[PDB]
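Novice: What follows is the file final15.pdb, containing PDB, C-alpha atoms:
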ATOM      1  CA  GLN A   1       0.000   0.000   0.000
ATOM      2  CA  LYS A   2       2.903   2.331   1.003
ATOM      3  CA  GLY A   3       3.745   3.697  -2.456
ATOM      4  CA  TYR A   4       2.693   3.629  -6.076
ATOM      5  CA  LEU A   5       4.991   4.523  -8.930
ATOM      6  CA  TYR A   6       3.747   6.045 -12.190
ATOM      7  CA  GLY A   7       4.707   6.039 -15.861
ATOM      8  CA  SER A   8       3.058   7.483 -18.986
ATOM      9  CA  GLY A   9       3.582   7.681 -22.692
ATOM     10  CA  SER A  10       1.973   8.833 -25.933
ATOM     11  CA  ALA A  11       2.181   7.456 -29.418
ATOM     12  CA  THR A  12       0.378   7.269 -32.741
ATOM     13  CA  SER A  13      -0.798   3.786 -31.721
ATOM     14  CA  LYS A  14      -2.608   2.370 -28.645
ATOM     15  CA  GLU A  15      -0.115  -0.486 -28.280
ATOM     16  CA  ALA A  16       2.819   1.871 -28.831
ATOM     17  CA  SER A  17       1.314   4.028 -26.133
ATOM     18  CA  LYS A  18       1.181   1.110 -23.659
ATOM     19  CA  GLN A  19       4.817   0.346 -24.497
ATOM     20  CA  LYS A  20       6.070   3.954 -24.115
ATOM     21  CA  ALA A  21       4.259   4.073 -20.739
ATOM     22  CA  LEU A  22       5.868   0.849 -19.298
ATOM     23  CA  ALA A  23       9.268   1.886 -20.490
ATOM     24  CA  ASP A  24       8.690   5.161 -18.773
ATOM     25  CA  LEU A  25       7.491   3.302 -15.688
ATOM     26  CA  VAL A  26      10.537   0.995 -15.491
ATOM     27  CA  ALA A  27      12.740   4.050 -16.098
ATOM     28  CA  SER A  28      10.999   5.813 -13.326
ATOM     29  CA  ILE A  29      11.369   2.893 -10.901
ATOM     30  CA  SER A  30      15.090   2.456 -11.773
ATOM     31  CA  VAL A  31      15.596   6.032 -10.390
ATOM     32  CA  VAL A  32      13.680   5.530  -7.111
ATOM     33  CA  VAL A  33      15.580   2.270  -6.714
ATOM     34  CA  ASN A  34      19.114   3.421  -7.590
ATOM     35  CA  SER A  35      18.799   6.330  -5.169
ATOM     36  CA  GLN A  36      17.598   3.963  -2.448
ATOM     37  CA  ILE A  37      20.768   1.984  -2.612
ATOM     38  CA  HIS A  38      22.597   5.303  -2.845
ATOM     39  CA  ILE A  39      20.965   6.437   0.438
ATOM     40  CA  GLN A  40      22.078   3.110   1.955
ATOM     41  CA  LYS A  41      25.670   2.436   0.766
ATOM     42  CA  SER A  42      28.241   2.834   3.584
ATOM     43  CA  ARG A  43      30.737   5.351   2.190
ATOM     44  CA  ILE A  44      21.624   4.881 -11.738
ATOM     45  CA  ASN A  45      23.988   1.878 -11.285
ATOM     46  CA  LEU A  46      21.363  -0.742 -12.185
ATOM     47  CA  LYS A  47      18.732  -0.068 -14.796
ATOM     48  CA  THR A  48      15.729  -2.372 -14.592
ATOM     49  CA  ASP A  49      13.669  -3.521 -17.582
ATOM     50  CA  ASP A  50      10.296  -5.335 -18.265
ATOM     51  CA  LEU A  51      11.849  -8.659 -17.404
ATOM     52  CA  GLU A  52      11.571  -7.256 -13.860
ATOM     53  CA  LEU A  53       7.842  -6.609 -13.805
ATOM     54  CA  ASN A  54       4.540  -8.388 -14.626
ATOM     55  CA  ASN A  55       0.960  -7.248 -15.155
ATOM     56  CA  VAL A  56       0.701  -3.600 -13.753
ATOM     57  CA  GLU A  57      -2.331  -1.225 -13.664
ATOM     58  CA  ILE A  58      -3.671   0.971 -16.498
ATOM     59  CA  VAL A  59      -4.734   4.259 -14.933
ATOM     60  CA  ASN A  60      -5.506   6.321 -18.025
ATOM     61  CA  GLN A  61      -6.176   5.807 -21.667
ATOM     62  CA  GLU A  62      -7.128   8.642 -23.997
ATOM     63  CA  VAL A  63      -6.995   8.955 -27.733
ATOM     64  CA  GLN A  64      -7.553  12.055 -29.742
ATOM     65  CA  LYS A  65      -6.738  13.200 -33.226
ATOM     66  CA  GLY A  66      -4.675  10.062 -33.743
ATOM     67  CA  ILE A  67      -2.446  10.200 -30.731
ATOM     68  CA  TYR A  68      -2.888   7.764 -27.860
ATOM     69  CA  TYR A  69      -1.953   8.232 -24.238
ATOM     70  CA  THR A  70      -1.546   5.555 -21.571
ATOM     71  CA  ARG A  71      -0.585   5.919 -17.966
ATOM     72  CA  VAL A  72       0.343   2.979 -15.733
ATOM     73  CA  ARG A  73       1.351   2.431 -12.174
ATOM     74  CA  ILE A  74       2.431  -0.294  -9.818
ATOM     75  CA  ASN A  75       2.379  -0.816  -6.124
ATOM     76  CA  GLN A  76       5.848  -0.455  -4.672
ATOM     77  CA  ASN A  77       5.371  -3.484  -2.503
ATOM     78  CA  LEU A  78       3.989  -5.655  -5.289
ATOM     79  CA  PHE A  79       6.927  -4.505  -7.307
ATOM     80  CA  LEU A  80       9.367  -5.793  -4.677
ATOM     81  CA  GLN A  81       7.471  -9.024  -4.197
ATOM     82  CA  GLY A  82       7.846  -9.519  -7.911
ATOM     83  CA  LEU A  83      11.637  -9.058  -7.551
ATOM     84  CA  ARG A  84      11.725 -11.514  -4.680
ATOM     85  CA  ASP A  85      10.012 -13.865  -7.064
ATOM     86  CA  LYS A  86      12.280 -13.516 -10.112
ATOM     87  CA  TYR A  87      15.151 -13.929  -7.645
ATOM     88  CA  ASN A  88      13.749 -17.137  -6.030
ATOM     89  CA  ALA A  89      13.229 -18.417  -9.576
ATOM     90  CA  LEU A  90      16.839 -17.655 -10.420
ATOM     91  CA  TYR A  91      18.077 -19.418  -7.210
ATOM     92  CA  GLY A  92      16.175 -22.590  -7.813
ATOM     93  CA  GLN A  93      17.139 -22.576 -11.439
ATOM     94  CA  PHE A  94      20.813 -22.725 -10.472
ATOM     95  CA  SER A  95      20.458 -25.885  -8.460
ATOM     96  CA  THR A  96      19.249 -27.517 -11.703
ATOM     97  CA  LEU A  97      22.506 -26.500 -13.398
ATOM     98  CA  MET A  98      25.152 -27.766 -10.935
ATOM     99  CA  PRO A  99      27.586 -30.779 -11.253
ATOM    100  CA  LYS A 100      24.976 -33.593 -11.693
ATOM    101  CA  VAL A 101      26.066 -36.889 -13.354
ATOM    102  CA  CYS A 102      29.752 -35.804 -13.328
ATOM    103  CA  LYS A 103      32.033 -33.502 -11.317
ATOM    104  CA  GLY A 104      32.720 -31.456 -14.472
ATOM    105  CA  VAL A 105      30.524 -28.986 -16.340
ATOM    106  CA  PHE A 106      30.520 -27.843 -19.960
ATOM    107  CA  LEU A 107      30.187 -24.643 -21.908
ATOM    108  CA  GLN A 108      26.469 -23.780 -22.158
ATOM    109  CA  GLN A 109      25.750 -25.273 -18.723
ATOM    110  CA  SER A 110      28.454 -22.885 -17.462
ATOM    111  CA  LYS A 111      27.396 -19.792 -19.471
ATOM    112  CA  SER A 112      23.958 -20.345 -18.006
ATOM    113  CA  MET A 113      25.270 -20.430 -14.436
ATOM    114  CA  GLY A 114      27.207 -17.258 -15.238
ATOM    115  CA  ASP A 115      24.050 -15.554 -16.493
ATOM    116  CA  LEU A 116      21.877 -16.478 -13.486
ATOM    117  CA  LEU A 117      24.463 -15.146 -11.090
ATOM    118  CA  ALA A 118      24.702 -12.020 -13.184
ATOM    119  CA  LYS A 119      20.851 -11.422 -13.162
ATOM    120  CA  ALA A 120      20.583 -12.341  -9.453
ATOM    121  CA  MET A 121      23.204 -10.092  -7.974
ATOM    122  CA  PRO A 122      21.662  -6.821  -9.057
ATOM    123  CA  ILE A 123      18.133  -8.063  -8.106
ATOM    124  CA  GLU A 124      19.572  -8.983  -4.775
ATOM    125  CA  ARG A 125      21.276  -5.659  -4.271
ATOM    126  CA  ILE A 126      17.880  -4.022  -4.684
ATOM    127  CA  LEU A 127      16.146  -6.472  -2.344
ATOM    128  CA  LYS A 128      18.715  -5.990   0.448
ATOM    129  CA  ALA A 129      18.472  -2.244  -0.006
ATOM    130  CA  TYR A 130      14.759  -2.568   0.862
ATOM    131  CA  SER A 131      15.223  -5.091   3.705
ATOM    132  CA  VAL A 132      13.692  -8.137   2.074
ATOM    133  CA  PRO A 133      15.430 -11.390   3.067
ATOM    134  CA  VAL A 134      16.998 -14.264   0.935
ATOM    135  CA  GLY A 135      20.481 -13.749   2.345
ATOM    136  CA  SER A 136      23.048 -15.470   0.092
ATOM    137  CA  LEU A 137      24.656 -16.230  -3.267
ATOM    138  CA  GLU A 138      28.183 -16.615  -1.847
ATOM    139  CA  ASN A 139      27.698 -20.345  -1.817
ATOM    140  CA  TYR A 140      26.617 -20.565  -5.364
ATOM    141  CA  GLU A 141      29.438 -18.374  -6.436
ATOM    142  CA  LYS A 142      31.887 -20.832  -4.860
ATOM    143  CA  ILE A 143      30.250 -23.726  -6.689
ATOM    144  CA  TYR A 144      30.593 -21.598  -9.868
ATOM    145  CA  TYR A 145      34.267 -20.628  -9.572
ATOM    146  CA  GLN A 146      35.173 -24.144  -8.577
ATOM    147  CA  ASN A 147      33.377 -26.077 -11.282
ATOM    148  CA  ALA A 148      31.889 -23.767 -13.810
ATOM    149  CA  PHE A 149      34.002 -20.677 -14.524
ATOM    150  CA  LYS A 150      35.777 -22.053 -17.555
ATOM    151  CA  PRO A 151      35.892 -24.811 -16.547
ATOM    152  CA  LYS A 152      38.080 -27.893 -16.396
ATOM    153  CA  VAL A 153      37.644 -30.356 -19.221
ATOM    154  CA  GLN A 154      40.109 -33.059 -20.349
ATOM    155  CA  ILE A 155      41.443 -32.555 -23.867
ATOM    156  CA  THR A 156      42.626 -35.667 -25.736
ATOM    157  CA  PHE A 157      44.479 -35.947 -29.035
ATOM    158  CA  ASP A 158      45.403 -38.731 -31.542
ATOM    159  CA  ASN A 159      48.520 -40.973 -31.491
ATOM    160  CA  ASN A 160      50.043 -38.649 -34.135
ATOM    161  CA  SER A 161      48.702 -35.156 -34.840
ATOM    162  CA  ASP A 162      51.111 -32.273 -34.540
ATOM    163  CA  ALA A 163      52.209 -29.849 -31.889
ATOM    164  CA  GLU A 164      52.093 -26.164 -33.042
ATOM    165  CA  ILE A 165      48.562 -26.333 -34.369
ATOM    166  CA  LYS A 166      47.735 -28.741 -31.529
ATOM    167  CA  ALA A 167      49.143 -25.873 -29.485
ATOM    168  CA  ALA A 168      46.973 -23.396 -31.430
ATOM    169  CA  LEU A 169      43.991 -25.470 -30.600
ATOM    170  CA  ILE A 170      44.596 -25.942 -26.882
ATOM    171  CA  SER A 171      45.341 -22.222 -26.803
ATOM    172  CA  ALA A 172      41.968 -21.344 -28.322
ATOM    173  CA  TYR A 173      40.145 -24.036 -26.402
ATOM    174  CA  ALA A 174      41.705 -22.227 -23.408
ATOM    175  CA  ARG A 175      39.943 -18.868 -23.811
ATOM    176  CA  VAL A 176      36.803 -20.822 -22.946
ATOM    177  CA  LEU A 177      38.150 -23.962 -21.228
ATOM    178  CA  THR A 178      40.729 -25.156 -18.690
ATOM    179  CA  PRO A 179      42.517 -28.224 -20.101
ATOM    180  CA  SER A 180      42.504 -30.758 -17.320
ATOM    181  CA  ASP A 181      43.730 -34.276 -16.644
ATOM    182  CA  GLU A 182      41.641 -35.079 -13.584
ATOM    183  CA  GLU A 183      38.830 -37.438 -14.564
ATOM    184  CA  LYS A 184      35.119 -37.772 -13.802
ATOM    185  CA  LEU A 185      34.513 -34.723 -16.074
ATOM    186  CA  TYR A 186      33.672 -33.924 -19.745
ATOM    187  CA  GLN A 187      36.156 -34.972 -22.417
ATOM    188  CA  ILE A 188      36.899 -33.595 -25.902
ATOM    189  CA  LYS A 189      38.741 -35.973 -28.233
ATOM    190  CA  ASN A 190      40.521 -34.645 -31.283
ATOM    191  CA  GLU A 191      42.003 -35.934 -34.467
ATOM    192  CA  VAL A 192      43.680 -33.415 -36.783
ATOM    193  CA  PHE A 193      44.215 -34.429 -40.381
ATOM    194  CA  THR A 194      44.759 -30.843 -41.638
ATOM    195  CA  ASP A 195      41.617 -29.620 -39.945
ATOM    196  CA  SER A 196      40.145 -30.989 -36.678
ATOM    197  CA  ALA A 197      37.418 -33.469 -35.670
ATOM    198  CA  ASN A 198      36.082 -33.015 -32.143
ATOM    199  CA  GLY A 199      34.313 -35.157 -29.523
ATOM    200  CA  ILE A 200      32.372 -34.419 -26.279
ATOM    201  CA  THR A 201      31.129 -37.046 -23.866
ATOM    202  CA  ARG A 202      31.194 -36.879 -20.078
ATOM    203  CA  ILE A 203      31.626 -39.259 -17.058
ATOM    204  CA  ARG A 204      29.628 -42.562 -16.985
ATOM    205  CA  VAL A 205      28.309 -41.835 -20.519
ATOM    206  CA  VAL A 206      29.570 -41.019 -24.037
ATOM    207  CA  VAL A 207      26.883 -38.386 -24.671
ATOM    208  CA  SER A 208      28.233 -37.188 -28.028
ATOM    209  CA  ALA A 209      27.596 -33.424 -27.922
ATOM    210  CA  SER A 210      30.121 -32.380 -30.617
ATOM    211  CA  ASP A 211      30.785 -31.673 -34.331
ATOM    212  CA  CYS A 212      33.898 -31.493 -36.619
ATOM    213  CA  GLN A 213      35.608 -28.452 -38.225
ATOM    214  CA  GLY A 214      37.827 -27.835 -41.325
ATOM    215  CA  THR A 215      39.548 -25.081 -43.371
ATOM    216  CA  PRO A 216      41.656 -26.026 -46.465
ATOM    217  CA  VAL A 217      43.811 -22.902 -46.902
ATOM    218  CA  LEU A 218      47.174 -24.586 -46.163
ATOM    219  CA  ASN A 219      49.627 -21.693 -46.028
ATOM    220  CA  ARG A 220      51.671 -23.070 -43.105
ATOM    221  CA  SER A 221      51.391 -21.369 -39.696
ATOM    222  CA  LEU A 222      49.263 -18.811 -41.554
ATOM    223  CA  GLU A 223      46.312 -21.267 -41.185
ATOM    224  CA  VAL A 224      46.138 -19.660 -37.682
ATOM    225  CA  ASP A 225      42.430 -19.499 -38.517
ATOM    226  CA  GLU A 226      41.480 -23.010 -37.451
ATOM    227  CA  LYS A 227      42.017 -21.308 -34.095
ATOM    228  CA  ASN A 228      40.631 -17.822 -34.833
ATOM    229  CA  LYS A 229      37.621 -19.649 -36.239
ATOM    230  CA  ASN A 230      37.445 -22.358 -33.568
ATOM    231  CA  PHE A 231      36.782 -19.795 -30.845
ATOM    232  CA  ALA A 232      33.856 -18.221 -32.744
ATOM    233  CA  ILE A 233      32.508 -21.754 -33.227
ATOM    234  CA  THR A 234      32.789 -22.857 -29.547
ATOM    235  CA  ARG A 235      31.519 -19.486 -28.303
ATOM    236  CA  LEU A 236      28.325 -19.393 -30.386
ATOM    237  CA  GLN A 237      27.614 -23.003 -29.265
ATOM    238  CA  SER A 238      26.798 -21.606 -25.868
ATOM    239  CA  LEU A 239      23.414 -21.344 -27.686
ATOM    240  CA  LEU A 240      23.410 -18.838 -30.583
ATOM    241  CA  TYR A 241      22.422 -20.956 -33.675
ATOM    242  CA  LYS A 242      24.674 -23.951 -33.030
TER     243      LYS A 242
END
Using structure tokens, write down the structure from this file.

Specialist:
Amino acid sequence: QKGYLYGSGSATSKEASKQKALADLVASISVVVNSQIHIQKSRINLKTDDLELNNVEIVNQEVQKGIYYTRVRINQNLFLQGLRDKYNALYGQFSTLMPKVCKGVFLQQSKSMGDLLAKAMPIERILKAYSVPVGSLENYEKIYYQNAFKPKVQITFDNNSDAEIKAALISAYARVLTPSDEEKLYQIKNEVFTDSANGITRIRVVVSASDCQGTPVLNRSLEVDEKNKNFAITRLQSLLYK
């Protein structure tokens, strides 16, 4: 009950009006919120967006001569409860991302943990600044730095292959991975003919979650690209049309 925040907008379309008014409402709440953490910090950082809200009230709607106007508001307390909720949903989504069938994690499952922790911390900063509970991420962070940032995956090669480019590969693999030798964690087999062929599988199972890359440009060390291109591959497999 204690508080109601407003937002309002006008556009040559009813829908566009609605949208300009939410935007303006989120924008308006960011302010009240940022300066609440500012009048708390022991001495507009975070900018909220629709993701953070739900189904808010329409207080005015007018239309005249082609322009539409919409004004919206939301209860401050319902707004916080909704943050408590998106947070709780983030927390219990993390638990479904941890170690599991192995001790090791792999790419997307890691990127996702990174994302949750990145959405959660700001939400949590807000919540603590208003004296709502939920206490701690510290534990999850630990679990993240010790299993998921990177992380550690074994990297195998073939009885022959070759070193430099093998080096090139491990080097690129490394801007995303931490080559490890400990077991009970995801593997990535390799075979390089002139251009690689890559396997994923994890502990207890051979879940093949991997494809095979090539680039016939043979110009010696100047084929640095199987690397320069391998990154871009492995990155955009964290879910981005691969």

Novice: Report the centre and edge lengths, in Å to one decimal, of an axis-aligned box enclosing every atom of stretch 153-168 of chain A listed in the file, padded by 8 Å on each side, as AutoDock Vina command-line options.

Specialist:
--center_x 44.9 --center_y -32.2 --center_z -27.0 --size_x 30.6 --size_y 33.6 --size_z 31.6

Novice: Exactly which residues make up the result of the PyMOL selection byres ((chain A and resi 36) around 12) on this file, given as a list in words?

Specialist: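 For this structure, the PyMOL selection byres ((chain A and resi 36) around 12) resolves to residues 29, 30, 31, 32, 33, 34, 35, 37, 38, 39, 40, 41, 44, 45, 46, 125, 126, 127, 128, 129, 130 and 131 of chain A.
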
Novice: Looking at A:137, A:105, A:148, A:176, which one is nearest to residue A:203, with distances taken over all atoms listed in the file?

Specialist: A:105

Novice: Mind giving me the straight-line distance from atom CA of residue A:90 to atom CA of residue A:117 in Å, one decimal?

Specialist: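 Taking atom CA of residue A:90 as the start and atom CA of residue A:117 as the end point, the length is 8.1 Å.
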
Novice: With all atoms listed in the file as the basis for distance, which of A:53, A:224, A:78, A:232 is at the shortest distance from residue A:27?

Specialist: A:53

Novice: At what distance in Å, to one decimal, does atom CA of residue A:104 lie from atom CA of residue A:150?

Specialist: 10.4 Å

Novice: Restricting the calculation to only C-alpha atoms: of A:61, A:1, A:72, A:241, which residue gets closest to residue A:26?

Specialist: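 Comparing A:61, A:1, A:72, A:241 against residue A:26, the winner is A:72.
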
Novice: Rounded to one decimal in Å, what is the spacing between atom CA of residue A:196 and atom CA of residue A:226?

Specialist: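 Computed distance, atom CA of residue A:196 to atom CA of residue A:226, equals 8.1 Å.
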
Novice: Between A:63, A:118, A:163, A:185, which has the minimum distance to residue A:11 (counting all atoms listed in the file)?

Specialist: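 Going through A:63, A:118, A:163, A:185 one by one, the smallest distance to residue A:11 is for A:63.
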
Novice: Expand the PyMOL selection byres ((chain A and resi 69) around 7) into the explicit residue set it covers here, and present it as a ChimeraX atom specification.

Specialist: /A:9-11,17,61-63,67-68,70-71

Novice: Using all atoms listed in the file, determine which residues lie at most 10 Å from residue A:158, disregarding the query and same-chain residues fewer than 4 positions distant; provide the list as a PDB file with C-alpha atoms, in the frame of the given file.

Specialist:
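selection-v4.pdb, written as the output of this step:
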ATOM      1  CA  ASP A 162      51.111 -32.273 -34.540  1.00  0.00           C
ATOM      2  CA  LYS A 189      38.741 -35.973 -28.233  1.00  0.00           C
ATOM      3  CA  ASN A 190      40.521 -34.645 -31.283  1.00  0.00           C
ATOM      4  CA  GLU A 191      42.003 -35.934 -34.467  1.00  0.00           C
ATOM      5  CA  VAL A 192      43.680 -33.415 -36.783  1.00  0.00           C
ATOM      6  CA  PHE A 193      44.215 -34.429 -40.381  1.00  0.00           C
TER       7      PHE A 193
END

Novice: Set the distance at 9 Å and use only C-alpha atoms: which residues neighbour residue A:230 once local chain neighbours fewer than 3 positions away are removed? I'd like the list as a PyMOL selection string.

Specialist: chain A and resi 169+172-173+213+225-227+233-235

Novice: When you look at residue A:180 with a cut-off of 8 Å (counting all atoms listed in the file), what residues show up, excluding the ones that are within fewer than 2 positions of it in the same chain? I need them as a PyMOL selection string.

Specialist: chain A and resi 152-155+178+182

Novice: Taking the file as I've supplied it (selection: the PyMOL selection byres ((chain A and resi 4) around 10)), which residues are included? Please answer as a PyMOL selection string.

Specialist: chain A and resi 1-3+5-6+29+72-79

Novice: Between A:42, A:81, A:88, A:210, which one has atoms that come closest to residue A:120, using all atoms listed in the file?

Specialist: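 The shortest atom-to-atom distance to residue A:120 comes from A:88.
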
Novice: From the list A:57, A:18, A:204, A:238, which residue is nearest residue A:114 when using all atoms listed in the file?

Specialist: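 Of the candidates, the smallest distance to residue A:114 is held by A:238.
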
Novice: Can you tell me, as a list in words, which residues sit within 10 Å of (27.8, -22.5, -14.4) in the file's frame, using only C-alpha atoms?

Specialist: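 Nearby residues: residues 94, 97, 98, 99, 105, 106, 107, 108, 109, 110, 111, 112, 113, 114, 115, 116, 117, 140, 141, 143, 144, 145, 146, 147, 148, 149, 150 and 151 of chain A.
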
Novice: Hey, could you patch up stretch 62-85 of chain A with N, CA and C atoms and hand it over as an mmCIF file, in the coordinates of the input?

Specialist:
data_model
loop_
_atom_site.group_PDB
_atom_site.id
_atom_site.type_symbol
_atom_site.label_atom_id
_atom_site.label_comp_id
_atom_site.auth_asym_id
_atom_site.auth_seq_id
_atom_site.Cartn_x
_atom_site.Cartn_y
_atom_site.Cartn_z
ATOM 1 N N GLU A 62 -6.436 7.637 -23.215
ATOM 2 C CA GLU A 62 -7.128 8.642 -23.997
ATOM 3 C C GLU A 62 -6.564 8.505 -25.377
ATOM 4 N N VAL A 63 -7.345 8.976 -26.340
ATOM 5 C CA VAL A 63 -6.995 8.955 -27.733
ATOM 6 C C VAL A 63 -7.698 10.146 -28.353
ATOM 7 N N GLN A 64 -6.967 10.909 -29.138
ATOM 8 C CA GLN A 64 -7.553 12.055 -29.742
ATOM 9 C C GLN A 64 -6.722 12.443 -30.920
ATOM 10 N N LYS A 65 -7.411 12.738 -32.018
ATOM 11 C CA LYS A 65 -6.738 13.200 -33.226
ATOM 12 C C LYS A 65 -5.567 12.285 -33.628
ATOM 13 N N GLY A 66 -5.665 11.005 -33.279
ATOM 14 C CA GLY A 66 -4.675 10.062 -33.743
ATOM 15 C C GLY A 66 -3.610 9.724 -32.721
ATOM 16 N N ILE A 67 -3.398 10.588 -31.740
ATOM 17 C CA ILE A 67 -2.446 10.200 -30.731
ATOM 18 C C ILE A 67 -3.105 9.521 -29.528
ATOM 19 N N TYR A 68 -2.416 8.508 -29.008
ATOM 20 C CA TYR A 68 -2.888 7.764 -27.860
ATOM 21 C C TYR A 68 -2.032 8.090 -26.649
ATOM 22 N N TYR A 69 -2.653 7.979 -25.483
ATOM 23 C CA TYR A 69 -1.953 8.232 -24.238
ATOM 24 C C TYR A 69 -2.337 7.107 -23.314
ATOM 25 N N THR A 70 -1.360 6.643 -22.546
ATOM 26 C CA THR A 70 -1.546 5.555 -21.571
ATOM 27 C C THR A 70 -0.763 5.965 -20.320
ATOM 28 N N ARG A 71 -1.368 5.747 -19.165
ATOM 29 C CA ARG A 71 -0.585 5.919 -17.966
ATOM 30 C C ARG A 71 -0.770 4.673 -17.081
ATOM 31 N N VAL A 72 0.298 4.242 -16.422
ATOM 32 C CA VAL A 72 0.343 2.979 -15.733
ATOM 33 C C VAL A 72 0.993 3.234 -14.428
ATOM 34 N N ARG A 73 0.732 2.353 -13.474
ATOM 35 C CA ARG A 73 1.351 2.431 -12.174
ATOM 36 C C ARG A 73 1.496 1.057 -11.584
ATOM 37 N N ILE A 74 2.271 0.981 -10.511
ATOM 38 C CA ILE A 74 2.431 -0.294 -9.818
ATOM 39 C C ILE A 74 2.738 -0.010 -8.417
ATOM 40 N N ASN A 75 2.164 -0.839 -7.555
ATOM 41 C CA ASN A 75 2.379 -0.816 -6.124
ATOM 42 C C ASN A 75 3.844 -1.080 -5.783
ATOM 43 N N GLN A 76 4.462 -0.221 -5.022
ATOM 44 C CA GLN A 76 5.848 -0.455 -4.672
ATOM 45 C C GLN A 76 6.071 -1.794 -4.044
ATOM 46 N N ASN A 77 5.178 -2.198 -3.152
ATOM 47 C CA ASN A 77 5.371 -3.484 -2.503
ATOM 48 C C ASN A 77 5.168 -4.677 -3.449
ATOM 49 N N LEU A 78 4.144 -4.625 -4.282
ATOM 50 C CA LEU A 78 3.989 -5.655 -5.289
ATOM 51 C C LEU A 78 5.174 -5.679 -6.256
ATOM 52 N N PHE A 79 5.804 -4.528 -6.452
ATOM 53 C CA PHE A 79 6.927 -4.505 -7.307
ATOM 54 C C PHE A 79 8.046 -5.288 -6.642
ATOM 55 N N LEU A 80 8.297 -5.065 -5.353
ATOM 56 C CA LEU A 80 9.367 -5.793 -4.677
ATOM 57 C C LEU A 80 9.075 -7.277 -4.599
ATOM 58 N N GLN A 81 7.823 -7.641 -4.312
ATOM 59 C CA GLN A 81 7.471 -9.024 -4.197
ATOM 60 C C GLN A 81 7.800 -9.632 -5.526
ATOM 61 N N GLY A 82 7.491 -8.943 -6.600
ATOM 62 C CA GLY A 82 7.846 -9.519 -7.911
ATOM 63 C C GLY A 82 9.350 -9.680 -8.134
ATOM 64 N N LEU A 83 10.186 -8.923 -7.407
ATOM 65 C CA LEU A 83 11.637 -9.058 -7.551
ATOM 66 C C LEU A 83 12.108 -10.229 -6.732
ATOM 67 N N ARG A 84 11.498 -10.391 -5.560
ATOM 68 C CA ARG A 84 11.725 -11.514 -4.680
ATOM 69 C C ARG A 84 11.424 -12.769 -5.478
ATOM 70 N N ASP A 85 10.423 -12.684 -6.342
ATOM 71 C CA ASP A 85 10.012 -13.865 -7.064
ATOM 72 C C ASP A 85 10.947 -14.256 -8.192
#
